[PDB]
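Shown next, in structure tokens, is the structure this report addresses.
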Amino acid sequence: XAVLX
Amino acid sequence: XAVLX
Amino acid sequence: XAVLX
Amino acid sequence: XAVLX
Amino acid sequence: XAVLX
Amino acid sequence: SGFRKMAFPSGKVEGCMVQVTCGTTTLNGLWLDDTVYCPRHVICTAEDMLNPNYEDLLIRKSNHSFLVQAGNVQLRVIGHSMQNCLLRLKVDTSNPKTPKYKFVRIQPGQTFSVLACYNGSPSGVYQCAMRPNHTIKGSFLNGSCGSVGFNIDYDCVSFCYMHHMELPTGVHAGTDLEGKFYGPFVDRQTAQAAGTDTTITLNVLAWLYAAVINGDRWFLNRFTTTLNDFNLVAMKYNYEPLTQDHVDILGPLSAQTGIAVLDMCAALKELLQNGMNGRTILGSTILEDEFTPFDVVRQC
Amino acid sequence: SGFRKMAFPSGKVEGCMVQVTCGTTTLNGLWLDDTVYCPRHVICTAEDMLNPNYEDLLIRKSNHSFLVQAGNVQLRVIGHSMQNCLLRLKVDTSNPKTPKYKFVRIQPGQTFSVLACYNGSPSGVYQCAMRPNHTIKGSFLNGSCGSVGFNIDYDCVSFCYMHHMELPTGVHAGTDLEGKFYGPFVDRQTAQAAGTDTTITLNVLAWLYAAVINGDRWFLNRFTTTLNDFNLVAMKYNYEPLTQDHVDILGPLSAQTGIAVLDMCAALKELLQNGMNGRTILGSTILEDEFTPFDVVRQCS
Amino acid sequence: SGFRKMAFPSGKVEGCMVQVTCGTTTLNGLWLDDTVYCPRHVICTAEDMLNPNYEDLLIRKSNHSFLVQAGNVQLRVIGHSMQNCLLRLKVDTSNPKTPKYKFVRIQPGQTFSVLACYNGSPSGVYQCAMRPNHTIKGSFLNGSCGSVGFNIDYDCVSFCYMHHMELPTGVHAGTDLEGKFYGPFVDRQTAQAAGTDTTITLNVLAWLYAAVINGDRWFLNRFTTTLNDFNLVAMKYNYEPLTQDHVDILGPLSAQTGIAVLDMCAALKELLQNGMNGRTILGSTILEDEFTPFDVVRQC
Amino acid sequence: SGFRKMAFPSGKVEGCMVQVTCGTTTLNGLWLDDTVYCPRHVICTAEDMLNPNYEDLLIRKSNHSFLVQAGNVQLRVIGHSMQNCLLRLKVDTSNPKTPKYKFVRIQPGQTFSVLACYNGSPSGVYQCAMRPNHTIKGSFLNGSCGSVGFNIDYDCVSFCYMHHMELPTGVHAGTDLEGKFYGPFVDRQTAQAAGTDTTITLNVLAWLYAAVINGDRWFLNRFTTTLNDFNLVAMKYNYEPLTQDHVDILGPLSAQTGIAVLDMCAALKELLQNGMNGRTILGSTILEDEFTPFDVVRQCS
Amino acid sequence: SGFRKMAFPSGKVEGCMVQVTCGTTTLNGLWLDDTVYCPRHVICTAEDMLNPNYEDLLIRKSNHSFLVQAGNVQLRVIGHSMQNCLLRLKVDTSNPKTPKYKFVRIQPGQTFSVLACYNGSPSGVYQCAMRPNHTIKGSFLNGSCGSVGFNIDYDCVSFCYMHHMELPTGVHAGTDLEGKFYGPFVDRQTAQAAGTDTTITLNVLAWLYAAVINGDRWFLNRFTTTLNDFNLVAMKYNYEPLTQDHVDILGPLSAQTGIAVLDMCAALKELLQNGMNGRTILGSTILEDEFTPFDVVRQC
Amino acid sequence: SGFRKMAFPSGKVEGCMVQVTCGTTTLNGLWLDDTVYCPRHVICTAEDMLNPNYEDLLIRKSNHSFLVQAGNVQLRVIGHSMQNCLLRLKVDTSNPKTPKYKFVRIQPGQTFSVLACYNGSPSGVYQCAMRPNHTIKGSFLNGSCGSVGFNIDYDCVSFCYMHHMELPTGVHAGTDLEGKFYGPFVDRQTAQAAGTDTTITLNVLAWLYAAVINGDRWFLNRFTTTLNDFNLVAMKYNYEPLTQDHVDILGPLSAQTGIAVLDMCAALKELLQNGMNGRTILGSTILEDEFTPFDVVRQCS
């Protein structure tokens with residue numbers, strides 16, 4: 001989940 | 001309210 | 001409401 | 001303590 | 001009282 | 001309009017108050033028909049009063065020891081007989097001014113008038129409430145010890161107090177007219193001391209209603225709050241601490257709606273607290289917070 | 001009359017939306033005068049994701065690894081530079097629809113409007129507050145990074161937010177328009193997580209007024225109370241447990257004043273909690289228990 | 001011991017209380033001898049409204065338009081004069097119970113039992129003060145007019161108050177028996193003022209003296225002490241007796257403050273005996289002593 | 001304005017402060033002209049503390065089992081000699097910063113300042129009173145001994161305390177500057193406990209004046225008015241002026257309670273312009289005034 | 001060590017449990033000497049039980065209607081006679097296994113064992129507490145209706161419960177062995193429903209002590225607190241809000257003294273709260289605040 | 001062992017104290033290298049007091065209206081300039097005892113040391129915290145303005161405060177060493193007044209530890225409770241009013257565990273208030289009322 005789109 | 005009585 | 005039982 | 005009175 | 005000493 | 005603490009017209013009771021001297025000792029007496037009631041202990045002098053032995057003191061006496069006086073008239077004392085803490089003195093005259101009367105035992109919280117008198121003559125009268133600790137707080141000098149408390153209705157005087165002593169806390173105790181002390185007190189000068197007294201709710205609400213009929217009314221409204229008495233209930237439900245520039249900031253909508261911030265806070269505060277009870281605020285429940293003070297002024 | 005979540009009219013800001021491409025990967029960017037700002041991760045491939053070296057990846061990129069474009073009307077990228085977390089990219093022309101604009105740095109609690117864009121093209125506008133914890137609870141699907149958030153401030157558009165990532169929580173992070181992240185977070189797919197929240201009060205009061213204005217004011221006329229609730233305070237303050245019977249005795253008054261007991265009760269329920277405050281009931285500064293209820297029916301018809 | 005607003009016994013006065021009635025209006029009348037007094041608006045019927053014209057109101061109701069009833073028999077009304085703001089109503093039969101009486105004009109600052117009656121029947125009694133603003137703060141609902149304020153003072157009932165009207169703010173005002181209203185008001189129906197009022201400074205000292213005689217005695221100079229009286233009260237709390245040269249050295253400080261050192265002593269001696277009731281002396285609660293008078297002088 | 005607990009500028013004393021070590025045991029030293037004084041027991045180890053025969057335990061020792069360090073400067077100890085509970089070390093150098101100085105013997109009850117030193121350097125200055133039991137209540141730490149206590153008269157530093165030990169109770173005790181213990185104590189890890197400690201009367205009075213001088217007048221039991229002075233604070237708060245008759249009327253009560261009218265004026269006056277502060281006269285928070293002098297004599301015969 | 005909820009050895013009671021069939025209806029019965037007790041209502045069938053008319057049902061019956069069985073042996077029913085809500089059946093055999101026994105009426109909060117049995121045979125046993133709302137919560141299937149509750153001491157079995165019904169909330173009611181229901185219940189299938197039950201304090205403290213004898217002990221210690229549950233009681237006594245960098249900041253002195261900040265907070269929190277009760281902290285009272293975390297580390 | 005309010009050793013800062021004179025009026029100033037900072041009101045006469053124009057009064061002052069001096073060793077004032085609320089005044093020589101130094105700007109809650117000076121000469125050192133409201137509760141009498149406050153920070157002296165005025169309250173205001181006032185206040189005798197206070201918590205916790213360290217820890221072993229206090233919580237949480245009798249019944253256990261009832265009570269007194277927190281008493285996660293006290297004496301000797 002940390003997720004730079 | 002100024003009255004008698 | 002209640003039962004005897 | 002108390003008084004009769 | 002405001003008082004610059 | 002008006003609301004004052006108000007005693008019953010002392011008249012009906014005034015005329016049943018007699019002197020009762022017995023030595024160098026004088027109390028008052030409540031004289032009804034052919035009987036005069038009054039504290040025992042009148043059969044005492046200073047030097048007694050210790051832990052005295054009543055009846056061991058009574059009938060060392062007899063009928064001639066008692067000086068009963070209805071002002072002018074001396075009354076004659078046929079028969080004497082103790083009764084709990086009273087004395088039922090029997091006398092050669094039914095009191096012509098006797099009223100339709102009854103002996104009752106008042107309940108804590110109830111109220112009566114006290115006709116306080118010295119040497120068997122009406123000095124003054126004032127209303128008085130029976131604490132739930134059984135003492136009651138009036139003005140009683142020494143020598144008042146017969147004076148009574150009563151209520152009236154139509155014409156029937158109702159005797160519910162006759163006054164014996166003053167606990168060292170400054171309050172007073174006494175007895176119904178059966179001579180049984182209100183509370184756990186013995187008529188005897190000892191290290192006794194009043195209970196731990198508590199406020200009389202239904203009488204405070206009672207009073208409030210009275211504050212409202214003379215339209216005193218203010219308290220009735222929502223109360224307000226202070227700032228850091230609010231943050232105090234912020235951290236509770238997990239809200240940012242409100243601050244002084246947070247308040248003048250809401251200025252605009254205060255003024256516009258005419259409602260101080262701190263009075264709004266007050267209600268925000270209860271909304272947290274007691275919930276919201278199935279009422280909708282702007283068709284919502286959960287208190288919205290993604291709307292800034294302005295996002296509001298713009299939309300309106 | 002009416003209260004709904006309203007976003008500033010996106011017109012002026014649409015004018016500025018373009019897409020930026022670093023061979024395959026496609027963010028959207030902000031075209032203002034002749035600079036086009038966009039997230040610095042565009043210079044990536046889903047391989048550097050994990051924990052990239054930006055200063056390195058950027059320093060290996062030519063000036064035209066960048067295909068910026070607006071509608072089509074393609075723009076060539078004359079210059080480029082990494083400024084915090086954005087790339088500047090100066091372009092060969094200037095947006096003839098740059099509006100009056102500003103790079104404010106919003107503060108937690110302040111709403112702004114968001115213009116969800118996908119490959120340089122509008123799509124959605126919705127309203128957001130920057131939570132006190134530094135996230136914002138937006139709606140952002142893939143290839144939206146570079147979407148911006150703005151507020152209109154008299155004639156001037158004040159851009160305050162551009163979109164970078166999303167925490168596992170489900171919220172979203174991002175930067176101000178000068179490349180500085182709102183919060184502790186960094187642009188790498190390494191599982192950070194968000195502080196704990198807490199509600200913004202100011203905005204709940206602001207919201208509360210809104211309800212007043214729209215004719216919802218019951219919550220002002222405050223309380224009534226439950227009996228067992230009262231007796232809690234009654235016991236606290238050495239008052240006498242109020243009981244069913246008492247409540248009747250009172251009836252007659254609770255009637256003709258109009259103020260039923262339990263409400264009057266909420267009124268005593270802290271007349272003790274927090275004072276009479278300088279003021280006076282029936283000329284008194286204390287509360288007066290020396291009056292029965294008959295005593296009061298008696299002293300007035 | 002004790003202290004309450006308590007009024008004069010009301011016996012003497014209840015028996016002179018009748019219900020004057022003038023057609024559409026019933027009110028209260030004080031019945032002395034053959035003279036039964038009562039308020040001069042008993043006559044009216046509403047349209048005397050805000051502007052009443054009095055003087056001429058009768059060849060209109062020349063006698064016999066007056067009920068006036070006591071107990072429940074009646075009084076034939078054999079005359080009638082318009083005494084200032086009330087009416088003397090000479091009546092066939094005299095009152096058997098007319099107590100020896102003065103008629104007075106009391107003056108601001110002073111008190112007098114009021115006996116509020118509704119329909120010639122009393123219902124309660126209580127104290128009242130003539131405010132220096134010439135109002136009294138009482139409890140009168142409609143039907144009360146004519147109720148009377150009276151003192152006693154030796155067997156002889158004084159009289160000072162026939163009750164007339166209620167100004168806007170709650171208070172009332174009325175007449176003496178000689179007829180002249182108390183204060184600058186008039187039995188009209190027009191809105192009228194009500195002075196400013198001040199606090200009755202003689203009374204507040206009286207009351208303080210009242211509290212002192214009750215032991216509630218905590219205010220002021222009841223203090224000054226001598227050396228020995230302190231020196232011994234001293235080592236009761238481990239405070240190292242203080243000699244003459246001690247006093248001598250405090251001097252320079254004594255002088256800047258104008259507090260004789262022996263008054264400080266007294267002041268401290270008290271704090272040793274009754275503690276502090278928790279108040280800050282410079283922010284402590286424990287008297288400090290790691291400062292010498294020298295270092296105190298140095299720092300000031 | 002104000003009143004804090006302050007101390008004399010340690011400056012003059014700071015430069016007499018040197019470190020005296022003899023093998024692991026390091027403590028502090030007062031360095032005047034060409035001597036350093038410091039406790040004996042610097043010549044100790046923590047294994048002979050309880051029963052240490054000092055005379056002779058010094059020797060075995062000599063002028064080179066003492067390195068005295070003043071900064072990073074050594075000075076040769078060129079002679080050791082015990083001096084009661086001190087040591088007179090004679091250094092080969094006279095202290096360039098030795099001030100107008102002098103030894104003294106404080107009497108209980110006189111504040112002095114203390115300069116707490118560790119390993120030859122000042123840590124903090126704070127001030128103690130010398131309790132009549134002969135302990136001081138300082139803040140001394142292991143390695144602090146030899147911290148001195150001084151006072152300052154114009155130009156001239158006046159030492160009166162070197163610091164040795166610390167009773168069990170939590171207080172401290174030391175010697176004067178010729179090593180004569182204060183009180184019944186000796187440097188002898190043993191039976192020593194503090195004789196019972198009475199308060200310093202003087203300094204409590206002084207302190208009370210310090211208080212008055214500063215605004216704190218409440219505890220002050222006094223004063224007086226005249227019907228004139230009083231009449232002028234009476235008007236201030238719309239009261240009647242006390243006319244000379246009132247003073248007469250009062251008479252009776254003023255005779256019953258032995259309290260002359262004026263003193264009640266003085267007493268009211270006072271309490272008028274201050275308040276009650278949560279106290280009740282005849283169980284009332286407010287000053288009552290509907291009881292005339294008569295109704296009072298009436299009720300309290 | 002150990003602590004388990006523990007019923008009395010059912011033995012002594014096991015052998016007094018008989019079957020009592022009367023139609024297609026079978027309850028249990030407590031058979032002592034020459035009497036068997038058991039709910040009335042056994043003289044019922046499904047189709048009755050409504051608001052049934054007992055005695056109008058009893059002695060429609062007689063001695064032959066009752067099938068009493070001590071397992072094997074049929075017992076014979078000489079005489080039947082109703083008793084509040086029980087039935088005292090008289091029988092041709094004193095029960096040889098009868099124990100030293102007594103009938104008591106348990107008080108709310110007290111506990112007994114229930115020997116729950118069906119068709120007059122012990123199924124299981126378990127301990128049970130008498131709620132202060134008079135119901136009690138056990139496991140009772142239909143057909144258990146005779147089974148009893150008792151306590152033992154030495155050898156004297158003490159019967160205090162016999163089980164009649166199950167309020168619709170899922171709790172059970174019953175009667176002492178005089179047949180008088182515990183609480184306000186009637187034995188009859190109606191819209192009745194248990195009181196509003198409240199927790200039994202002295203039994204929770206009781207239990208806690210037990211947690212301590214098996215050294216569970218933790219709770220005993222000072223509790224701890226959380227951060228914004230502290231600020232919640234900061235703003236109260238007027239203290240700066242404590243924060244996360246305010247905490248790691250106190251790190252050093254936490255570690256040094258070995259006491260978490262939040263456990264110190266806890267005590268700061270009570271110091272505000274319940275005061276300080278005449279105890280001195282560093283010879284102080286008022287909580288010092290002009291000392292920073294470091295001003296402390298330096299001085300120490 | 002011991003805890004007293006300790007001021008940093010004033011030695012280094014005394015070195016820097018000088019007096020400044022603008023013909024008659026005399027502040028004290030800070031001599032560092034070759035600048036001498038001092039309050040800008042020195043350029044006044046008790047006539048401009050009310051509400052002066054500084055920029056005007058200063059612009060009419062020569063470069064030698066200033067008589068700076070240190071001991072005597074008089075210093076001539078080569079240059080001068082008003083910097084916020086100080087004057088710089090560059091002097092003809094440099095303090096040969098300037099120490100390592102810094103102009104930090106303390107933060108509310110931080111103590112520092114104060115060196116009350118009068119006409120350039122030491123006098124007193126005491127300890128102060130900058131209240132959260134922005135005043136500090138010092139001891140300052142006339143002609144002390146210009147006194148400074150400092151902290152020692154390893155080898156470096158960090159000056160944080162210099163003294164200007166005193167609010168009517170009795171507290172004191174002032175500036176950092178770059179002429180910026182600590183707070184809302186301004187240097188004019190126009191009655192400003194101080195925000196409302198509030199205590200600094202951090203420092204009360206720091207203080208609390210200090211007490212632990214010094215062997216005062218009762219306040220950790222927490223509470224015991226009063227019976228009527230408990231029954232308040234008992235009633236809140238639908239528990240059964242605990243009574244005198246109950247407390248006896250319990251005796252036997254309250255004895256042999258060592259933990260008397262009302263203490264055990266404080267333990268239940270919020271075992272309900274705030275949970276069992278994940279943990280378990282006697283394998284239970286609820287509280288268990290189904291055991292009489294006899295039940296428990298019974299199940300264990």
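All residue names refer to the structure tokens as shown: chains lettered A, B, ... in order, residues numbered from 1 in each chain, ligands numbered from 1 in order.
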
**Request:** Tell me, as an MDAnalysis selection string, which residues lie within 8 Å of region 234-240 of chain J, counting only C-alpha atoms; anything in the same chain fewer than 3 positions away does not count.
**Result:** (chainID F and resid 228:229 231:232) or (chainID J and resid 230:231 269 272) or (chainID K and resid 198:201)

**Asked** Quick one: which residues from chain F are at most 10 Å off chain I, using only C-alpha atoms, as a PyMOL selection string?
**Response** chain F and resi 123-124+139-142

**Message:** Using only C-alpha atoms, can you tell me which of F:146, F:120, F:99, F:23 comes closest to residue 4 (chain D)?
**Reply:** F:146

**Request:** Find the residues of chain G in contact range of chain I, meaning any atom within 10 Å when counting only C-alpha atoms, and list them as a ChimeraX atom specification.
**Result:** /G:284-286

Selection: 8 Å around residue 117 (chain I), only C-alpha atoms, excl. self and same-chain fewer than 6 positions, as a compact mmCIF listing (two decimals) with C-alpha atoms, in the first residue's frame:
```txt
# COMPACT_ATOMS: atom_id res chain seq x y z
CA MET I 17 37.09 26.98 41.83
CA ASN I 28 36.29 20.51 44.50
CA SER I 123 27.21 23.99 37.54
CA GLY I 124 24.73 26.30 39.16
CA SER I 144 30.07 18.11 44.59
CA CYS I 145 31.88 18.46 47.88
CA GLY I 146 34.02 21.53 48.15
CA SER I 147 31.30 23.56 46.59
```

**Asked** Can you tell me, as a list in words, what residues are no more than 8 Å from residue 2 (chain D) when counting only C-alpha atoms, ignoring any on the same chain fewer than 6 positions away?
**Response**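 Here the answer would be residues 165, 166, 167, 168, 188, 189, 190, 191, 192 and 193 of chain F.
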
Residues just named, written with C-alpha atoms as a CSV table (one decimal), in the first residue's frame:
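File written: again_6.csv
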```
chain,number,residue,atom,x,y,z
F,165,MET,CA,-33.0,22.4,71.7
F,166,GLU,CA,-30.2,23.8,69.7
F,167,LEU,CA,-27.5,21.4,68.4
F,168,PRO,CA,-24.0,22.9,68.7
F,188,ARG,CA,-30.4,16.4,77.4
F,189,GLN,CA,-27.3,18.5,77.1
F,190,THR,CA,-24.8,16.2,75.5
F,191,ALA,CA,-22.1,15.8,72.9
F,192,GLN,CA,-24.8,15.1,70.3
F,193,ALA,CA,-24.7,16.7,66.9
```

Which residues of chain J sit at most 12 Å from chain C, using only C-alpha atoms? Give each one's shortest atom pair and distance in Å (one decimal place), in chain and ascending residue order, as a tab-separated table.
```
residue	atom	partner	partner_atom	distance
J:25	CA	C:5	CA	11.3
J:26	CA	C:5	CA	10.8
J:27	CA	C:5	CA	9.0
J:28	CA	C:5	CA	11.1
J:38	CA	C:5	CA	12.0
J:39	CA	C:5	CA	9.5
J:40	CA	C:4	CA	10.7
J:41	CA	C:4	CA	8.1
J:42	CA	C:5	CA	9.8
J:44	CA	C:4	CA	10.3
J:45	CA	C:4	CA	11.0
J:46	CA	C:4	CA	10.1
J:48	CA	C:4	CA	11.1
J:49	CA	C:4	CA	7.7
J:50	CA	C:4	CA	10.2
J:51	CA	C:4	CA	11.6
J:52	CA	C:4	CA	11.8
J:118	CA	C:5	CA	11.4
J:139	CA	C:5	CA	11.7
J:140	CA	C:5	CA	8.1
J:141	CA	C:5	CA	7.8
J:142	CA	C:5	CA	5.5
J:143	CA	C:5	CA	6.7
J:144	CA	C:5	CA	7.0
J:145	CA	C:5	CA	5.4
J:146	CA	C:5	CA	9.0
J:147	CA	C:5	CA	10.7
J:162	CA	C:5	CA	11.1
J:163	CA	C:5	CA	7.7
J:164	CA	C:5	CA	5.3
J:165	CA	C:4	CA	4.3
J:166	CA	C:3	CA	5.3
J:167	CA	C:2	CA	4.6
J:168	CA	C:2	CA	4.9
J:169	CA	C:2	CA	8.5
J:170	CA	C:2	CA	9.1
J:171	CA	C:2	CA	9.9
J:172	CA	C:5	CA	8.9
J:173	CA	C:5	CA	9.4
J:174	CA	C:5	CA	9.5
J:185	CA	C:2	CA	10.0
J:186	CA	C:4	CA	10.0
J:187	CA	C:4	CA	6.8
J:188	CA	C:4	CA	6.6
J:189	CA	C:2	CA	5.1
J:190	CA	C:1	CA	5.0
J:191	CA	C:1	CA	4.0
J:192	CA	C:1	CA	6.0
J:193	CA	C:2	CA	7.2
J:194	CA	C:2	CA	9.7
```

**Prompt:** Looking at only C-alpha atoms, which of J:154, J:241, J:103, J:202 is the one that sits closest to residue 175 (chain J)?
**Reply:** J:103

**Surrounding residues of region 217-224 of chain K excluding itself and chain neighbours under 4 positions, 8 Å, only C-alpha atoms, as a PyMOL selection string** = (chain J and resi 221-222+264+267+270-271) or (chain K and resi 211-212+262-266)

Go ahead and write the selection's residues with N, CA and C atoms as a short mmCIF file (atom, residue, chain, number, x, y, z; two decimals), in the first residue's frame.
```
data_model
loop_
_atom_site.label_atom_id
_atom_site.label_comp_id
_atom_site.auth_asym_id
_atom_site.auth_seq_id
_atom_site.Cartn_x
_atom_site.Cartn_y
_atom_site.Cartn_z
N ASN J 221 -2.24 -2.13 40.71
CA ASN J 221 -1.38 -0.99 40.45
C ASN J 221 -2.13 0.18 39.86
N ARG J 222 -1.55 1.36 40.04
CA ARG J 222 -1.92 2.54 39.29
C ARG J 222 -2.22 2.13 37.86
N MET J 264 3.32 8.61 34.28
CA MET J 264 3.54 9.78 35.10
C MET J 264 2.33 10.69 34.93
N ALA J 267 -0.49 10.07 36.98
CA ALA J 267 -0.44 10.55 38.36
C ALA J 267 -0.52 12.07 38.44
N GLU J 270 -4.16 12.52 38.56
CA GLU J 270 -4.89 12.37 39.82
C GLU J 270 -4.55 13.50 40.75
N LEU J 271 -3.35 14.05 40.59
CA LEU J 271 -2.88 15.13 41.47
C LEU J 271 -3.78 16.33 41.29
N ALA K 211 10.97 14.71 41.45
CA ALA K 211 10.56 14.28 42.77
C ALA K 211 10.82 12.78 42.96
N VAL K 212 10.48 11.98 41.94
CA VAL K 212 10.78 10.54 41.92
C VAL K 212 12.26 10.29 42.22
N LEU K 262 -11.15 0.09 50.39
CA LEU K 262 -11.32 1.36 49.67
C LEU K 262 -10.23 1.55 48.63
N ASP K 263 -9.11 0.89 48.85
CA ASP K 263 -8.05 0.90 47.86
C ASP K 263 -8.42 -0.05 46.74
N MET K 264 -8.77 -1.28 47.10
CA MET K 264 -9.27 -2.25 46.13
C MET K 264 -10.42 -1.59 45.38
N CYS K 265 -11.17 -0.77 46.11
CA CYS K 265 -12.27 -0.01 45.53
C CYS K 265 -11.82 0.98 44.45
N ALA K 266 -10.76 1.74 44.73
CA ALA K 266 -10.23 2.65 43.74
C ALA K 266 -9.88 1.83 42.52
#
```

**Spatial neighbours of region 74-84 of chain G, 9 Å, only C-alpha atoms, chain gap at least 5 places, as a ChimeraX atom specification** = /G:40,54-55,58,62-69,89-93,178-181

**Request:** Can you work out the spacing between CA of residue 205 (chain F) and CA of residue 273 (chain F) in Å, to one decimal?
**Result:** 23.6 Å

**Fill in**
Here CA of residue 242 (chain J) and CA of residue 256 (chain J) stand apart by 20.5 Å

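Taken over all Cα atoms in order, the superposition of chain H onto chain J returns an RMSD of 11.3 Å.
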
**Item:** Polymer residues at most 8 Å from residue 224 (chain H), only C-alpha atoms, same-chain spacing of 4 or more positions, as a PyMOL selection string
**Value:** chain H and resi 262-263+266-267

**Request:** Grab the CA of residue 245 (chain J) to CA of residue 106 (chain K) distance for me, in Å with one decimal place.
**Result:**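 We find that CA of residue 245 (chain J) and CA of residue 106 (chain K) lie 16.9 Å from each other.
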
**Item:** At most 8 Å to chain F: residues in chain H, only C-alpha atoms, as a PyMOL selection string
**Value:** chain H and resi 1-12+14+115+122-126+137-141+170-171
